[PDB]
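These are the residues of each chain, in order.
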Amino acid sequence: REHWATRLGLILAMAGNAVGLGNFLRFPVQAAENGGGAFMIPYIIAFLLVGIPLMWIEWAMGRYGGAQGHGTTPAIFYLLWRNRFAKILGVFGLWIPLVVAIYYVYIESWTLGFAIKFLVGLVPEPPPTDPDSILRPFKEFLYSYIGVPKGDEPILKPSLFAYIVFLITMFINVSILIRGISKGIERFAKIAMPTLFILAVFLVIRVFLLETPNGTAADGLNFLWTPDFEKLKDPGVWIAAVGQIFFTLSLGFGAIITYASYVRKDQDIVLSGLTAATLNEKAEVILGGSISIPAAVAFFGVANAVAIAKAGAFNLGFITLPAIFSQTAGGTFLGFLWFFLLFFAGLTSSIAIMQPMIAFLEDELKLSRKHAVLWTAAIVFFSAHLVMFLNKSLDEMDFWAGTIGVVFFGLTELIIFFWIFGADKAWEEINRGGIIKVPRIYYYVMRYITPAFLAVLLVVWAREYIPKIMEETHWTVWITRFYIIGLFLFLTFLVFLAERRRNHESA
Ligand SMILES: CCCCCCCCO[C@@H]1O[C@H](CO)[C@@H](O)[C@H](O)[C@H]1O
Ligand SMILES: CCCCCCCCO[C@@H]1O[C@H](CO)[C@@H](O)[C@H](O)[C@H]1O
Ligand SMILES: CCCCCCCCO[C@@H]1O[C@H](CO)[C@@H](O)[C@H](O)[C@H]1O
Ligand SMILES: CCCCCCCCO[C@@H]1O[C@H](CO)[C@@H](O)[C@H](O)[C@H]1O
Ligand SMILES: CCCCCCCCO[C@@H]1O[C@H](CO)[C@@H](O)[C@H](O)[C@H]1O
Ligand SMILES: CC(C)C[C@H](N)C(=O)O
Ligand SMILES: [Cl-]
Ligand SMILES: [Cl-]
Ligand code: NA
Ligand code: NA
């Protein structure tokens, strides 16, 4: 099997796994929609009860499976629970990454397209005071990029440049992955992670220099970091906080497990996982949290910045921030650094959610790496056409795989690992090779607190929110549901094909 060459390269590839578009696009939206500081308290708690333990559990599962030549959950779940239903539950560990990748790479390709257009100065020209006259040209710029529907039909019509930049973006992701783990994902993380930290800090600095009649960047920092204990009783904030923690640390996407299956059997995972998790949080709450919201609060005030964040998941990042930057000297180049930052943010994360499908093809179907990467890309490139052309197809995928699915699968992999396999055998397998040991209190969090926390959460979804999504959406949502359900069917057939190759090989 292939291995991470260096300790540092493993951490940067794991941090590059986690530090992505969620740090800089999703976290600002999720924080502002939910009252700023009121969001932080459930966010910090969820990090301590959910994010940290699941990080360790997935590192253990990956490394455990990797010592037996398996990197994906269809095989690893069976290694933990010898039962066909573990193989079937394991398909989610391929389905969730592949579904999420279908829409993540596309959004990643926007930032590459926006970066190119901002670098070359092919950007809108706001008329030099009215905010709408400054924002509308950038709303119209993004809407023309992805092709937001102008009539009644739910059809997207992306620009030719967007589609070509998507092909370019895929080609960029293939070029890294086809070189492997050590000569591909690892080498690129040693380059991208410094680049990304540098850019973010500079932007944080430049945003902190913003002052207008409506406020300063400190006003956004106070809004984000001022508690509001009157919201701790809202199931929505807790749902939003735990869903963010999952998304940001790459938990429930089968990606950490696959990356961890390339860690040598003896090597530490306790300090490693903690560092990468600690890295991703600094990336959000310090860097991601200090760019979008302070800048939006700085030009518009808190209430309008909150209103901007509630308008959509991309308004703040693809419309508001460049519009804000367009009012400052060299703001076009500042936009380029912003969208170039997002491109390495997503690229280090898109290669992470595409490695599982590759690993499954190499490990379980014995495909060469070249063929495993290329077939994986072909699967993503084709499938992405559903996200590109059907309005709100992206949303449905992010909900079922990137929102519901990761919390379901996260609870699934904890029970399989830490209950069925055995809590004590799991505790042993987490701490083995540990440069440090997992604190004794976390054994009781993993066995009892975390699974009940998620169980209650998933029950609040299933009763109070999902009924609106099964009955109050446009009929076209079943087009995406049908496709992603058939995608699951296809992956199980591969699993079935992988256990039949294993019966003929042993014979
Ligand atoms: C069922 C279709 C399977 C894949 C066919 C993809 C067709 C891509 O079509 C292309 O889309 C671009 C963006 O709108 C346009 O700029 C081009 O005119 C068009 O050739
Ligand atoms: C990174 C290189 C990407 C090259 C994409 C070329 C897409 C060409 O596309 C064309 O470009 C013209 C000039 O801007 C536009 O007027 C047209 O709308 C567009 O069809
Ligand atoms: C669900 C994935 C398939 C959707 C992409 C299909 C691309 C359709 O292609 C479209 O054909 C039209 C007439 O032929 C042209 O007006 C457009 O230029 C072109 O975008
Ligand atoms: C999943 C649905 C997304 C598909 C994108 C629809 C592209 C709309 O393109 C349509 O293609 C039709 C057949 O070629 C033509 O009759 C029309 O000229 C054209 O409007
Ligand atoms: C619910 C999650 C709590 C996370 C905070 C744990 C802080 C670690 O706590 C420490 O753990 C050590 C090893 O068990 C002990 O030696 C110390 O008594 C204890 O202070
Ligand atoms: C699906 C994951 C790779 C997402 C990534 N952890 C992010 O925060 O952007
Ligand atoms: Cl364009
Ligand atoms: Cl219709
Ligand atoms: Na993240
Ligand atoms: Na990343």
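Determination of this PDB entry was carried out by X-ray crystallography to a resolution of 4.00 Å, according to the record.

The PDB entry lists the protein under the name Na(+):neurotransmitter symporter (Snf family), with Aquifex aeolicus given as the organism. As deposited in the PDB, this entry carries the title "Multicrystal structure of Na+, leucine-bound LeuT determined at 5 keV". Per UniProt, the protein carries the Subcellular location (unreviewed entry) text "Membrane".

We now examine the coordination of the sodium ion (ligand 9). The protein atoms donating to the sodium ion (ligand 9) are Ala18 (O), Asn23 (OD1), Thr248 (O), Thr248 (OG1) and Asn280 (OD1), with metal-donor distances spanning 2.3 to 2.4 Å. Its six donor atoms give the sodium ion (ligand 9) angles of 74 to 160° at the centre, a pattern that matches the irregular case. The exposure class assigned to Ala18 is buried, which follows from its relative accessible area of 5%. By relative accessible area, which is 0% here, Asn280 ends up buried.

Let's shift gears to the nonpolar core. Counting residues in each nonpolar core, the largest one holds 194 residues, and the members touching the most others are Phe24, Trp95, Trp338, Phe417 and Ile430. Those residues within four positions of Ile430 in sequence are excluded, and the remaining contacts are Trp56, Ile57, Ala60, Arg63, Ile269, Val270, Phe417, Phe418, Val438 and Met446.

It is worth spelling out empty space enclosed by the protein at this point. Volume-wise, the largest cavity comes out at about 130 Å³. Together, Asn17, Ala18, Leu21, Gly22, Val100, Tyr104, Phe247, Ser250, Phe253, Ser349, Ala352 and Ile353 line the largest cavity. Broken down by secondary-structure element, the contributors of at least two residues to the lining of the largest cavity are α1 (7–18), α2 (21–33), α6 (92–120) and α17 (331–363). Its residues assigned to classes, the lining of the largest cavity comprises eight nonpolar, four polar and no charged. Considering only enclosed or pocket space, the second largest cavity measures out at about 30 Å³ in volume. Around the second largest cavity sit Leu12, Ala13, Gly16, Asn17, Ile185, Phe188, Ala189, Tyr259, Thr348 and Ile351, which together line it. Secondary structure elements with two or more residues in the lining of the second largest cavity: α1, α9 (181–207) and α17. Considering every element that reaches the lining of the second largest cavity, the biggest residue donor is α1, with four residues.

Moving on to the pattern of salt bridges. Using the criterion set out here, one finds 11 salt bridges in the structure. Across the pair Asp363 and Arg1 runs a salt bridge, and its minimum N-O distance is 2.7 Å. Assessed through its relative accessible area of 39%, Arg1 is described here as partly exposed. Look at the salt bridges and you will find they share partners, linking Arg84, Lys87, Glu499 and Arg500 into a network.

Here we come to the coordination of the sodium ion (ligand 10). For a metal bound by four donors in tetrahedral geometry, the ideal donor-metal-donor angle is 109.5 degrees, whereas six donors in octahedral geometry ideally sit at 90 or 180 degrees. At the metal site, the sodium ion (ligand 10) is ligated by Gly16 (O), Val19 (O), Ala345 (O), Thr348 (OG1), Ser349 (N) and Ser349 (OG), and these contacts range over 2.3 to 2.6 Å. One can describe the site at the sodium ion (ligand 10) as octahedral: its six donor atoms subtend angles covering 75 to 174° at the metal. Here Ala345 pairs with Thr348, and both are found in helix α17, just three residues apart, close to one helical turn. One exposure class covers both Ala345 and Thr348, and it is buried.

The rules behind each value
Residues numbered from 1 in each chain as written, not as in the entry; some residues may be left out. Chains lettered and ligands numbered in written order. Heavy atoms only, no water. UniProt positions renumbered as here; feature names shortened; annotations may be inferred. Donors = N, O, S within 2.8 Å, 3.2 Å for Na, K, Ca; no water. Tetrahedral: all angles 85-135°; square planar, octahedral: opposite > 155°, others 65-115°. Buried < 20%, exposed > 50% of the residue type's maximum accessible area, 1.4 Å probe, protein only. Core = buried A, V, L, I, M, F, W, Y, C linked by side-chain atoms within 4.5 Å. Contact = heavy atoms within 4.5 Å. 1 Å grid on protein atoms, 1.4 Å probe; cavity = no way out; pocket = protein on both sides within 12 Å on 5 of 7 lines; lining within 4 Å. Points joined across faces, edges and corners; volume = space filled by probe spheres on them. Helix = DSSP H or I, 4+ residues; strand = E, 2+ residues; numbered from the N terminus. Nonpolar A, V, L, I, M, F, W, Y, C, P; charged D, E, K, R; others polar. Salt bridge = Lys/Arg side-chain N within 4 Å of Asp/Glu carboxyl O.

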